[PDB]
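Asks: need the 3D shape of this:
(2 chains, ligands or ions: 3)
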Number of protein chains: 2
Amino acid sequence: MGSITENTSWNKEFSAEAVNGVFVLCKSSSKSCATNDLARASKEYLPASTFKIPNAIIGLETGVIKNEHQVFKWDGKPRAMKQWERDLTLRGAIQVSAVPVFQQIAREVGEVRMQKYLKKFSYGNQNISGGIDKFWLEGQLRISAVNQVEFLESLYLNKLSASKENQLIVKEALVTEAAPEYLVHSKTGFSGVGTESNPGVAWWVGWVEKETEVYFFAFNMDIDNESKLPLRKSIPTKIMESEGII
Amino acid sequence: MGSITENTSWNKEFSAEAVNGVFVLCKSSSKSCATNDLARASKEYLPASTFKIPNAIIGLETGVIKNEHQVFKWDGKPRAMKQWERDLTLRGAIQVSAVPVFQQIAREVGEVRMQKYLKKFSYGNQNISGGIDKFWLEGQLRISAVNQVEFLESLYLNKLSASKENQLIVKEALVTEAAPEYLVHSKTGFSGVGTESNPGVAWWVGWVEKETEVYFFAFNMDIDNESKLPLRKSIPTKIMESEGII
Ligand code: NA
Ligand code: NA
Ligand code: NA
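Replies: Numbers count the residues shown, from 1 in each chain, chains lettered A, B, ... in the order given. Ligands and ions are numbered 1, 2, ... in the order given. Okay, here it is:
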């Protein structure tokens, strides 16, 4: 937000796992960000499942999602993951990253409204070409790690162009770790393993509330093998542990 | 509360530890609750720290608490626990049960407004007499485990006499365990070790959201020694683990 500085000593955690990626960590009270790689922090990637955050907000703003108690019913027709073949709440759909639930939300939102909200949210390159139910997974939408933390800061502050109520609803849906000393809100994403010399992207984005401080973060990495997927949490977790945050 | 049913199969969790207490567990709604002790389920006890839940809602409704980013500044004067001697957010004050923060909230709310809201909330015997900053600590206010689950169900459903925004703010402050499969919101309470032939009371109340289901719970127990305090979480946790909820 206010400043950004490269800290190449965080590269130790990437090097140990042979990962090409970036971590951006911003401290709210000092309005200052740090990253291991300023260049990659500005590079723009498919959001994949991280797009569930804006999509949920927009679904609520448009009334497509009634409220946090709506149940997305399973129609019994097979889905790509057994964990998706069941009725889901909004939190449940976000937590398991149920693609087909959010494809249907996008379809009902429609292109004109989706375009309007991504403009209000300043979300990425705001390019929703590629089909209304796939632009964030295989279409032309791209967002950087810096843009992710800017968006998440706005959500945390209830400053997005949506009701505070709907921003609070989506925040509750994103809580992933609760301790007496700190609270973590987060979302993963994974575009797939990509092509030969054209790897996919994996993301972990979110924020940590600790004492009266708030830390916004966004991680992404190249990925060509699902077996590396847990590194999208363990590398950023080790960095935030070394920083004394969690 | 529709009907309360006795369930004898939990008694082993109490007798193992020589605890006199009650657990109330309600699936979906307060229409159907189960308990180990029908009489004690409706017996009224001092709420202690569980009162921070209504106190926070009333603080927000009255504007005494400005919003969920309010910081409760520590004036540097001694407080009864070192963990209270610091600036605290609302979630922070709740999670460490910072009595003095909630005493000052209660003082600013004042007796007239406090009485009005406990009546709206149907909060126990609604007796706030004896001192506006200690009626839930050593005064005459009493609430049962059944009334706790009814109040918490209203809060879960956003049906208390308060804005939905303020209900959502307090719910976020009460998250205590987050797992992909389930989310726990809860609050502890402890009146003290009592006096001769007159034990104190310890509480754990909350709800669990799992798949598309919700479970409301309230536990209390007699206690005359602080060494027994962890049982207020371990007995109900073991019951809910055996029920398959957590
Ligand atoms: Na920022
Ligand atoms: Na004190
Ligand atoms: Na305890």
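Asks: closest to the centroid, which residue in chain A?
Replies: Of all residues in chain A, the one closest to the mean position by Cα atoms, centre = their mean is residue A:50, 2.8 Å from it.
Asks: anything in the helix or strand hosting residue A:57 near chain B?
Replies: Here residue A:57 sits within helix A:52-61, counting by DSSP states H and E. No: counting by Cβ under 8 Å from any Cβ of the partner chain, chain B is not contacted by helix A:52-61; separation bottoms out at 12.2 Å. For every residue, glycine as well, the C-beta is placed using N, CA and C.
Asks: next structured bit after that helix?
Replies: Assignment by DSSP H and E places the next element after helix A:52-61 at strand A:71-72.
Asks: look up phi and psi at residue A:25.
Replies: Main-chain dihedrals, residue A:25, degrees, to the nearest 10: phi -130, psi 120.
Asks: pretty sure it contacts residue A:34?
Replies: Yes: counting by Cβ atoms under 8 Å, residue A:25 does reach residue A:34; the two are 5.4 Å apart.
Asks: by contact count, what packs against the helix holding residue A:57?
Replies: On a contact count with 3 or more Cβ pairs under 8 Å, 6 or more residues apart in numbering or on different chains; DSSP states H and E, helix A:52-61 meets helix A:90-96, helix A:99-109, helix A:111-120, helix A:145-156, helix A:164-174.
Asks: more crowded one of residue A:25 and residue A:34?
Replies: It is residue A:25, of residue A:25 and residue A:34, that has more neighbours when counted by other Cβ atoms under 10 Å in any protein chain shown, with 24 against 19.
Asks: quickly note the distance from that one to chain B.
Replies: 20 Å (Cβ to the nearest Cβ, to the nearest Å).
Asks: over to residue A:71?
Replies: Residue A:71 sits 5 Å away from chain B, taking Cβ to the nearest Cβ as the criterion.
Asks: for chain B, what are the nearby residues on chain A?
Replies: Residues of chain A lying near chain B (Cβ under 8 Å from any Cβ): A:69, A:71, A:86-89, A:91-92, A:95-96, A:157, A:164-165, A:168-169, A:171-172, A:175-178, A:180, A:183-184, A:209, A:211-212.
Asks: ok, now with 6 Å
Replies: A:71, A:87, A:89, A:95, A:164-165, A:168, A:172, A:175-178, A:180, A:212 (Cβ under 6 Å from any Cβ of the partner chain).
Asks: name the nearest of the residues you listed relative to residue A:218.
Replies: Among these, residue A:176 lies closest to residue A:218 (Cβ to Cβ), at 14.8 Å.
Asks: do you know how far the closest one is from ligand 3?
Replies: According to Cβ to the ion, to the nearest Å, residue A:176 stands 23 Å off from ligand 3.
Asks: what helices and strands are in contact with the helix or strand hosting that residue?
Replies: Following DSSP H and E, one finds residue A:176 within strand A:175-178. For strand A:175-178, the helices and strands in contact under the criterion 3 or more Cβ pairs under 6 Å, 6 or more residues apart in numbering or on different chains; DSSP states H and E are strand A:182-190, strand B:175-178.
Asks: can I get that strand as CSV, trimmed to CA atoms?
Replies: Extracted in CSV, the C-alpha atoms of strand A:175-178 (Å, rounded to 0.1, in the frame of the first residue of the first chain):
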residue,chain,number,x,y,z
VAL,A,175,-11.4,-18.0,8.6
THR,A,176,-8.9,-20.9,8.5
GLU,A,177,-7.0,-20.8,11.8
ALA,A,178,-8.1,-19.5,15.1
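Asks: mind listing what it pairs with, with the direction of each?
Replies: Note on strand A:175-178: by DSSP bridges, its sheet partners are strand A:182-190 (antiparallel).
Asks: which element follows the partner strand toward the C-terminus?
Replies: That would be, after strand A:182-190 and using DSSP H and E, strand A:194-195.
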